[PDB]
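Below is one structure; the comments refer to it alone.
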Amino acid sequence: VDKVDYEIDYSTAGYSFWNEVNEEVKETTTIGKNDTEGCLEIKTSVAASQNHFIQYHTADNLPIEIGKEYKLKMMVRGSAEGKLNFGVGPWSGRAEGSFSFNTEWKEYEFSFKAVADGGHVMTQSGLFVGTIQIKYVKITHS
Ligand SMILES: O[C@@H]1[C@@H](O)[C@H](O[C@@H]2CO[C@@H](O[C@@H]3CO[C@@H](O)[C@H](O)[C@H]3O)[C@H](O)[C@H]2O)OC[C@H]1O
């Protein structure tokens, strides 16, 4: 069993986490809740010049300890095929990876050793044009 250390479930939760849309793409980007689908939604009509120019925490206050093994689980879809970059950890340093999403609601998992104590799920998608939807984020261990 993947025992759940942490969950944020956007099926019901609102969104209050840190996010930063670079001024380059401020007019054409939105980050917030879609209360009909029941998900976090990141919508873009213009690609940014850098992927980190649309960056947002999808989870925070994580109960992770340096050197322990976990999984990050995220349920994601998009309006077209694309890539979500992430890191799990504090601002000093993270365990990094990416998910390649499609138009179906699917769960993605990333196994990692924590590189630090605590932190957040930094998520970046500035190069993606369209709609990204995120249903939940979990941290688990075996
Ligand atoms: O991918 C990298 C980006 O994530 C990075 O963005 C900056 C990251 O630091 C942010 O500032 C933090 C704000 O919260 C405080 O508590 C922290 O101490 C600050 O460091 C800043 O707002 C982001 O622009 O830019 C570099 C990219 O490689």
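Residues are referred to by chain and number: the chain letter is A, B, ... according to the order shown in the structure tokens, the number counts from 1 in that chain, and ligands are numbered separately from 1 in the order shown.
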Within-7 Å residues of ligand 1, basis only C-alpha atoms and all ligand atoms, as a count of residues only: 4
Secondary structure check, strand (DSSP E or B) residues of region 36-80 of chain A, as an NGL selection string: :A and (39-44 or 54-57 or 69-78)
Find the residues near residue 125 (chain A): any atom within 7 Å, counting only C-alpha atoms, skip ones fewer than 2 places away on the same chain, and give them as a PDB file with N, CA, C and O atoms, in the first residue's frame.
```
ATOM      1  N   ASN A  51      10.027  28.269 -19.558  1.00  0.00           N
ATOM      2  CA  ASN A  51       9.037  27.434 -18.822  1.00  0.00           C
ATOM      3  C   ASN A  51       8.803  27.953 -17.422  1.00  0.00           C
ATOM      4  O   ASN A  51       7.632  27.831 -16.967  1.00  0.00           O
ATOM      5  N   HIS A  52       9.745  28.493 -16.715  1.00  0.00           N
ATOM      6  CA  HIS A  52       9.473  28.947 -15.363  1.00  0.00           C
ATOM      7  C   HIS A  52       8.707  30.230 -15.312  1.00  0.00           C
ATOM      8  O   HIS A  52       8.356  30.626 -14.194  1.00  0.00           O
ATOM      9  N   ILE A  54       5.695  30.571 -16.049  1.00  0.00           N
ATOM     10  CA  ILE A  54       4.384  30.254 -15.448  1.00  0.00           C
ATOM     11  C   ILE A  54       4.673  29.174 -14.415  1.00  0.00           C
ATOM     12  O   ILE A  54       4.941  28.004 -14.811  1.00  0.00           O
ATOM     13  N   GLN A  55       4.770  29.571 -13.157  1.00  0.00           N
ATOM     14  CA  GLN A  55       5.179  28.625 -12.064  1.00  0.00           C
ATOM     15  C   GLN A  55       4.281  28.786 -10.891  1.00  0.00           C
ATOM     16  O   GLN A  55       3.754  29.887 -10.608  1.00  0.00           O
ATOM     17  N   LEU A  84       4.493  18.834 -17.994  1.00  0.00           N
ATOM     18  CA  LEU A  84       4.433  19.524 -16.662  1.00  0.00           C
ATOM     19  C   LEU A  84       5.852  19.334 -16.032  1.00  0.00           C
ATOM     20  O   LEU A  84       6.163  18.147 -15.856  1.00  0.00           O
ATOM     21  N   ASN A  85       6.661  20.278 -15.745  1.00  0.00           N
ATOM     22  CA  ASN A  85       7.864  20.100 -14.975  1.00  0.00           C
ATOM     23  C   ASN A  85       7.607  20.338 -13.508  1.00  0.00           C
ATOM     24  O   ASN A  85       6.743  21.207 -13.169  1.00  0.00           O
ATOM     25  N   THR A 123       5.706  23.669  -9.660  1.00  0.00           N
ATOM     26  CA  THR A 123       5.168  23.139 -10.914  1.00  0.00           C
ATOM     27  C   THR A 123       5.318  24.248 -11.947  1.00  0.00           C
ATOM     28  O   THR A 123       5.040  25.431 -11.669  1.00  0.00           O
ATOM     29  N   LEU A 127       5.854  26.941 -21.201  1.00  0.00           N
ATOM     30  CA  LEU A 127       5.895  26.681 -22.653  1.00  0.00           C
ATOM     31  C   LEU A 127       4.662  26.092 -23.175  1.00  0.00           C
ATOM     32  O   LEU A 127       4.480  25.909 -24.424  1.00  0.00           O
ATOM     33  N   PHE A 128       3.673  25.643 -22.345  1.00  0.00           N
ATOM     34  CA  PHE A 128       2.463  25.012 -22.778  1.00  0.00           C
ATOM     35  C   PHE A 128       1.385  25.950 -23.077  1.00  0.00           C
ATOM     36  O   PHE A 128       1.063  26.820 -22.237  1.00  0.00           O
TER      37      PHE A 128
END
```
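Among the candidate residues A:88, A:72, A:80, A:114, the one lying nearest to residue 2 (chain A) is A:72, with distances computed using only C-alpha atoms.
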Spatial neighbours of region 28-42 of chain A, 9 Å, only C-alpha atoms, chain gap at least 2 places, as JSON, numbers by chain: {"A": [9, 10, 11, 12, 13, 14, 15, 16, 19, 21, 25, 26, 44, 45, 46, 54, 56, 58, 125, 130, 131, 132, 133, 134, 135, 136]}
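Proximity of A:126, A:66, A:142, A:104 to residue 49 (chain A), computed with only C-alpha atoms, is greatest for A:126.
Separating CA of residue 92 (chain A) from CA of residue 112 (chain A) is a distance of 16.7 Å.
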Residue nearest residue 68 (chain A) - candidates A:98, A:6, A:137, A:111, atoms counted: only C-alpha atoms: A:111
Chain A: residues DSSP assigns to helix (DSSP H, G or I), reported as a PyMOL selection string: chain A and resi 23-28+51-53
Take the residues from that selection and write them out as a PDB file, in the first residue's frame, keeping N, CA and C atoms.
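New file selection_18.pdb:
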```
ATOM      1  N   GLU A  23       5.357  38.780 -15.948  1.00  0.00           N
ATOM      2  CA  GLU A  23       4.677  39.892 -16.653  1.00  0.00           C
ATOM      3  C   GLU A  23       4.575  39.734 -18.150  1.00  0.00           C
ATOM      4  N   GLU A  24       5.490  39.004 -18.728  1.00  0.00           N
ATOM      5  CA  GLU A  24       5.458  38.741 -20.137  1.00  0.00           C
ATOM      6  C   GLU A  24       4.136  38.241 -20.619  1.00  0.00           C
ATOM      7  N   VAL A  25       3.450  37.354 -19.812  1.00  0.00           N
ATOM      8  CA  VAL A  25       2.291  36.610 -20.197  1.00  0.00           C
ATOM      9  C   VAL A  25       1.145  36.823 -19.245  1.00  0.00           C
ATOM     10  N   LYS A  26       1.148  37.937 -18.525  1.00  0.00           N
ATOM     11  CA  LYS A  26       0.112  38.198 -17.554  1.00  0.00           C
ATOM     12  C   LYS A  26      -1.249  38.290 -18.107  1.00  0.00           C
ATOM     13  N   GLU A  27      -1.444  38.861 -19.299  1.00  0.00           N
ATOM     14  CA  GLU A  27      -2.741  39.037 -19.845  1.00  0.00           C
ATOM     15  C   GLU A  27      -3.434  37.795 -20.339  1.00  0.00           C
ATOM     16  N   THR A  28      -2.652  36.812 -20.720  1.00  0.00           N
ATOM     17  CA  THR A  28      -3.112  35.667 -21.446  1.00  0.00           C
ATOM     18  C   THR A  28      -3.067  34.349 -20.595  1.00  0.00           C
ATOM     19  N   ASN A  51      10.027  28.269 -19.558  1.00  0.00           N
ATOM     20  CA  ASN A  51       9.037  27.434 -18.822  1.00  0.00           C
ATOM     21  C   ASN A  51       8.803  27.953 -17.422  1.00  0.00           C
ATOM     22  N   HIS A  52       9.745  28.493 -16.715  1.00  0.00           N
ATOM     23  CA  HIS A  52       9.473  28.947 -15.363  1.00  0.00           C
ATOM     24  C   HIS A  52       8.707  30.230 -15.312  1.00  0.00           C
ATOM     25  N   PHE A  53       8.433  30.873 -16.455  1.00  0.00           N
ATOM     26  CA  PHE A  53       7.649  32.077 -16.389  1.00  0.00           C
ATOM     27  C   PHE A  53       6.195  31.854 -16.067  1.00  0.00           C
TER      28      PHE A  53
END
```
